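So the structure is just underneath, and the comments pick up after that.
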Amino acid sequence: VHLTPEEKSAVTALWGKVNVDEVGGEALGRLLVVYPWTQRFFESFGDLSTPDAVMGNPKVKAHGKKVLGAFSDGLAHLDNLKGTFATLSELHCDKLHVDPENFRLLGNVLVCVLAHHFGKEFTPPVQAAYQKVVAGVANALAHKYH
Amino acid sequence: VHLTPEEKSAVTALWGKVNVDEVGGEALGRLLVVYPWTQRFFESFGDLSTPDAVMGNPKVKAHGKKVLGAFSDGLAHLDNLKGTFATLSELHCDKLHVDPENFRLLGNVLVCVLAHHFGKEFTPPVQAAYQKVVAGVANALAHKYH
Amino acid sequence: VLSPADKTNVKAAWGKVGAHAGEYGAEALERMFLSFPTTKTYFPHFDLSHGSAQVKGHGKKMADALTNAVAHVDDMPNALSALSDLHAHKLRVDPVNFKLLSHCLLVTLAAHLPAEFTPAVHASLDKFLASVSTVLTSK
Amino acid sequence: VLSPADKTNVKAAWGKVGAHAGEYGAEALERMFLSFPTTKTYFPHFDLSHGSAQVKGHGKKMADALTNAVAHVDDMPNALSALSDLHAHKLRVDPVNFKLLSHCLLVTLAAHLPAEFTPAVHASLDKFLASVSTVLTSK
Ligand code: HEM
Ligand code: HEM
Ligand code: HEM
Ligand code: HEM
């Protein structure tokens, strides 16, 4: 993945503005709500019977934090996503058995979350640069499947 | 992509048995028939109004030959698909504007074609090794999109 | 199917779309063009750059078909029938592109309707757009 | 929709499936398990290896639901209604898996019916299986 200076600019800037403590929860949450089969992997999180319940779930917000960190991480190594996510690949691939299409779905739910919370700021070129990123993370994360 | 000796065995053997002069035409053909939007890229091939017409089309059989060679090629470099397809990537990505999902569709049409023509021989483990291959080609071919 | 709660969500979210209907569909297209450049081949005659009246007018046509679907949400195949043939037969739009456009629509809705884009409405708009896409690629 | 030629193709191709109906659905599952190992998590209690009666019996249940769909091809949502809830609500089967299974079915059909798996029938079976999948993930 190669971002342009302006794309790096667009991304790194708006990312700084990100509340790294809730955005991940909100993204994971909407994944569980918008794509309900994903819950299957999270049955240990308890109450997930309505969206309100899912969003207000501490284990989801907790875990969402971790997912967001991983993106923030991969943001550091846009040059090397493949190696960064090598660990996370094996886990998702060999132990969890999560179909990689779901990584793309999470990435797009994240883009929606960013859009929602940043409105006008989330311009179409800004969205574009971010699509490059989440795609890149997904593929890197999907490499122990390849 | 890493095939096992037995998977390499399964693959290389049955591949030798492949009529490299018609299989590509039959795969390209079924792509155009099973997934009709793909025709869009081939309007210069003329008569594609029925399946009979599509299959009996020399430009399709001709071009199918080339596609099959590319697979046969990538078969040589299972170790390095990414570099082999580097050329073909840029073309499909930058000039043709073919969505990479279509590469996966072609790969599976090819698997069906193999199944059809080899029947019993195309065992489930044999199919498995081949899924590794066509997936690998698709991703390699999709790298100038990444 | 679309649940009744799906229906009420969509009618609601689209209810507050308002006259911006055209503006939004144009912005969805730009977002799609920038984010997924392969999709530009279907418009190799439109002006695709920012400020394009070509995108904007079609953005309007598209958003009006959506609004038409919102109204006939229970008989969408009959409603979207003529556009089904258009996209699948004559235009030959790759079904992948519907997913790409649908996502950009959500993004555009999320960005203009902070309060209405709740998780539940999000899930409804998704099911809705997926439904429209299904009718449009049906032929 | 399914065209009438789609319908006649499928009824025909499945018509020559015969008592092998069960055998085939079992082989489709094995093919899926081997080719796409992620799909095995839905059967972490079945025996999944070759010769498994667990796979074979379910392979039969699945092929009988297909045959049921072939017969009620015009009212498949009503026909497949109970399996829709099963897969989407209780089992939570990722829609991706339907595509993977559908492809393995085609492969299995192509391998047992050399003469019947023409391009046109192929295209029909695909549209058909895609349709079944759509009903099964509808809820
Ligand atoms: C799309 C990008 C994704 C990223 C960057 C990501 C990252 C992570 C991280 C950082 C963890 C923490 C593991 C640990 O530290 O112990 C994790 C665990 C986990 N992931 Fe994801 N993940 C992604 C997608 C998904 C999806 C789509 C699913 C399911 C639909 C999923 C299912 C899980 C589950 C169930 C765990 C916890 C399992 C355990 O702790 O044993 N992940 N992931
Ligand atoms: C899936 C694996 C594929 C492989 C290995 C492959 C390989 C090739 C090869 C070897 C050529 C010959 C180019 C030349 O030598 O001049 C070619 C050209 C072409 N490909 Fe593919 N291809 C694949 C998929 C696709 C798909 C799915 C489509 C469209 C749906 C497509 C559209 C085209 C077109 C229209 C050309 C000719 C265009 C030109 O000559 O300017 N390809 N490809
Ligand atoms: C939400 C899904 C869609 C809706 C509701 C929709 C709606 C429409 C409508 C109403 C028209 C007729 C415009 C007119 O007559 O002026 C149209 C045309 C067209 N659409 Fe779509 N469309 C959708 C998806 C797509 C996608 C995904 C693509 C390509 C990536 C696409 C490409 C086109 C093209 C190339 C035309 C021709 C317009 C012209 O020739 O001026 N559409 N669409
Ligand atoms: C062609 C699409 C499908 C059809 C027609 C179908 C049909 C059926 C039927 C009739 C049953 C009930 C079996 C019984 O009651 O003994 C069943 C159960 C089940 N199906 Fe499916 N199915 C399909 C797709 C899938 C896919 C893609 C998966 C997973 C990757 C899946 C996983 C399961 C599981 C885990 C059960 C539970 C069986 C048991 O508990 O014994 N199905 N299916």
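Each chain in the structure tokens gets a letter, A, B, ..., in the order shown, and its residues are numbered from 1; ligands are numbered from 1 in order too.
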
Q: Skip segment 118-125 of chain B itself and residues of its chain fewer than 4 positions away, then list as a VMD selection string all residues within 8 Å of it, counting only C-alpha atoms.
A: (chain B and resid 7 114 129) or (chain D and resid 27 30 to 31 34 to 35 110 to 112 114)

Q | Residues of chain B within 10 Å of chain C, counting only C-alpha atoms, as a PyMOL selection string | A | chain B and resi 35-41+93-102+145

Q: Excluding residue 137 of chain A and residues on its chain fewer than 5 positions from it, collect all residues at most 12 Å away from it, counting only C-alpha atoms, and give them as number ranges by chain.
A: A: 1, 67-68, 70-86, 88-89, 100, 102-108, 130-132, 142-143; B: 146

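Residues from chain D that have an atom within 8 Å of chain C, counting only C-alpha atoms, are residues 1, 138 and 139 of chain D.
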
Q) Which residues in segment 1-137 of chain D does DSSP call helix (DSSP H, G or I)? List them as a ChimeraX atom specification. A) /D:4-15,18-35,37-42,53-71,76-79,81-90,95-112,119-136

Keeping only C-alpha atoms, write the selected residues as a compact mmCIF listing (two decimals), in the first residue's frame.
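Result file is part-v9.txt:
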# COMPACT_ATOMS: atom_id res chain seq x y z
CA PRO D 4 -38.23 -20.27 -17.50
CA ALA D 5 -35.16 -21.63 -19.31
CA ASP D 6 -33.35 -21.43 -15.94
CA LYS D 7 -36.18 -23.45 -14.39
CA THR D 8 -36.17 -26.08 -17.11
CA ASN D 9 -32.37 -26.35 -16.99
CA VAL D 10 -32.29 -26.86 -13.23
CA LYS D 11 -35.25 -29.29 -13.14
CA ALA D 12 -33.40 -31.17 -15.85
CA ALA D 13 -29.92 -31.16 -14.35
CA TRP D 14 -31.30 -32.04 -10.93
CA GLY D 15 -33.61 -34.51 -12.66
CA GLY D 18 -31.11 -39.04 -8.94
CA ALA D 19 -30.66 -41.12 -5.77
CA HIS D 20 -27.10 -39.82 -5.82
CA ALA D 21 -28.75 -36.71 -4.29
CA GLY D 22 -27.41 -37.52 -0.84
CA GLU D 23 -24.00 -38.73 -2.04
CA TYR D 24 -23.46 -35.47 -3.92
CA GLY D 25 -24.31 -33.10 -1.11
CA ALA D 26 -21.91 -35.00 1.10
CA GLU D 27 -19.14 -34.70 -1.49
CA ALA D 28 -19.92 -30.97 -1.91
CA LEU D 29 -19.39 -30.57 1.86
CA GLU D 30 -16.11 -32.45 1.86
CA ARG D 31 -14.96 -30.39 -1.11
CA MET D 32 -15.91 -27.27 0.81
CA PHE D 33 -14.20 -28.47 4.01
CA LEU D 34 -10.95 -29.28 2.22
CA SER D 35 -10.95 -26.24 -0.04
CA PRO D 37 -11.17 -24.84 6.03
CA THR D 38 -12.76 -21.85 7.78
CA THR D 39 -16.13 -23.44 6.90
CA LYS D 40 -15.35 -26.34 9.28
CA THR D 41 -16.10 -24.22 12.36
CA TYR D 42 -19.84 -24.69 11.73
CA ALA D 53 -21.54 -40.74 8.09
CA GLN D 54 -21.99 -37.42 9.90
CA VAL D 55 -21.17 -35.50 6.68
CA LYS D 56 -23.06 -37.97 4.51
CA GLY D 57 -26.34 -37.78 6.41
CA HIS D 58 -26.29 -34.03 6.54
CA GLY D 59 -25.21 -34.05 2.89
CA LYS D 60 -28.51 -35.86 2.36
CA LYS D 61 -30.59 -33.41 4.40
CA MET D 62 -29.10 -30.56 2.42
CA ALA D 63 -29.65 -32.21 -0.97
CA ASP D 64 -33.26 -32.98 -0.05
CA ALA D 65 -33.84 -29.30 0.76
CA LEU D 66 -32.41 -28.47 -2.68
CA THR D 67 -34.71 -30.98 -4.34
CA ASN D 68 -37.52 -29.32 -2.40
CA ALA D 69 -36.48 -25.97 -3.82
CA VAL D 70 -36.30 -27.40 -7.34
CA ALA D 71 -39.95 -28.44 -6.97
CA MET D 76 -38.65 -20.77 -2.81
CA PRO D 77 -38.88 -18.24 0.05
CA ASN D 78 -41.99 -20.00 1.40
CA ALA D 79 -40.42 -23.40 0.73
CA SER D 81 -38.55 -20.49 5.06
CA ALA D 82 -37.71 -22.74 8.01
CA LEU D 83 -34.13 -23.23 6.82
CA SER D 84 -33.76 -19.45 6.46
CA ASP D 85 -34.33 -19.01 10.18
CA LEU D 86 -32.14 -22.01 10.96
CA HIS D 87 -29.06 -20.72 9.15
CA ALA D 88 -29.40 -17.00 9.78
CA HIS D 89 -30.86 -16.83 13.34
CA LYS D 90 -29.60 -19.85 15.27
CA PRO D 95 -23.26 -15.42 3.75
CA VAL D 96 -19.74 -15.91 2.22
CA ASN D 97 -20.12 -19.58 3.06
CA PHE D 98 -23.11 -19.95 0.81
CA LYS D 99 -20.99 -18.82 -2.11
CA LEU D 100 -18.24 -21.29 -1.13
CA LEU D 101 -20.75 -24.19 -0.82
CA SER D 102 -22.51 -23.20 -4.06
CA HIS D 103 -19.25 -23.33 -5.99
CA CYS D 104 -18.42 -26.80 -4.50
CA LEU D 105 -21.91 -28.04 -5.53
CA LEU D 106 -21.27 -26.88 -9.13
CA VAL D 107 -17.88 -28.59 -9.03
CA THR D 108 -19.57 -31.77 -7.71
CA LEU D 109 -22.28 -31.53 -10.39
CA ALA D 110 -19.74 -30.86 -13.12
CA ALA D 111 -17.79 -33.95 -12.01
CA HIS D 112 -20.74 -36.37 -11.98
CA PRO D 119 -22.45 -23.69 -20.17
CA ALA D 120 -26.17 -22.86 -20.23
CA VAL D 121 -27.05 -25.37 -17.51
CA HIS D 122 -23.99 -24.20 -15.57
CA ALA D 123 -25.33 -20.67 -15.73
CA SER D 124 -28.74 -21.90 -14.64
CA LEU D 125 -27.44 -23.93 -11.69
CA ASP D 126 -25.45 -20.91 -10.58
CA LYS D 127 -28.45 -18.59 -10.69
CA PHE D 128 -30.43 -21.25 -8.90
CA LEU D 129 -27.91 -21.82 -6.09
CA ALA D 130 -27.42 -18.09 -5.67
CA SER D 131 -31.21 -17.86 -5.25
CA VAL D 132 -31.31 -20.59 -2.58
CA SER D 133 -28.49 -18.80 -0.75
CA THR D 134 -30.42 -15.57 -0.84
CA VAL D 135 -33.44 -17.13 0.81
CA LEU D 136 -31.26 -18.87 3.41

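Atom CA of residue 51 of chain D is positioned 19.3 Å from atom 21 (Fe, counted along the ligand's line) of ligand 4.
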
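Computed from the coordinates, the atom CA of residue 16 of chain C to atom CA of residue 111 of chain A distance equals 21.8 Å.
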